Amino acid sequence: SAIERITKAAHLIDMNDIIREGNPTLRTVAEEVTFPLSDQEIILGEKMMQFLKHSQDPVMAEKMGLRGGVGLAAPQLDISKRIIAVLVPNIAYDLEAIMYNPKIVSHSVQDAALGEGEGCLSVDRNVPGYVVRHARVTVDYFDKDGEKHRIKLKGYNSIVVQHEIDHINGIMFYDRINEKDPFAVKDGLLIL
């Protein structure tokens, strides 16, 4: 089982654990975790966070062959549970969270998109275009202890968490590009 294998003490997550488009797990809606969490579910969240930190560490990223990443969702490991990790570096970190059962509870009418577009660790190609998301979101999630957090995101951090939540709902970033005019800007779309 992917979770039993990845949560072994001796295993460091690397690109070989990340599934790519064509695997149906990326199109499946992931299952809610229950509380209390099992050790495996806690360890999985920790291992995903270690992957992100290793991926942003140039020494470790080089030794492990990693693509640097700011977010990861358990379905990208072939594990269909609603668990995500986000790590956004400050320009230590502007946002660092392991989220269980994350949910958007409120969002702005305004939309937003990264002006550079998006890629994905599960996507081995480039898909240009504005990926249209909500500009601001309020997100509820639980931590490893079962305590509820409610956070407000905007800017780049809002886009990142939205990308990962799309993963646990079976959605890919290019689902949000308008293929007819990928660079179209409707009224109410803020290009970041």
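Counting begins at 1, following the sequence as shown.
Counting the deposited residues that fall between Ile91 and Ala92 and carry no coordinates gives a value of 4 to 9. When the mean C-alpha temperature factors of 116 to 124 and 97 to 105 are read from the deposited coordinates, 116 to 124 comes out higher. Between 175 to 183 and 10 to 18, it is 175 to 183 that carries the larger average Cα temperature factor according to the deposited entry. For the set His54, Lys148, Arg67, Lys47, the PDB entry puts the maximum C-alpha B factor at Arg67.
Between the residues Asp39, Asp166, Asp143, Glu62, the entry's highest C-alpha temperature factor is the one at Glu62. Among the modelled residues of the chain, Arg27 sits in the highest third by CA temperature factor in this PDB entry.
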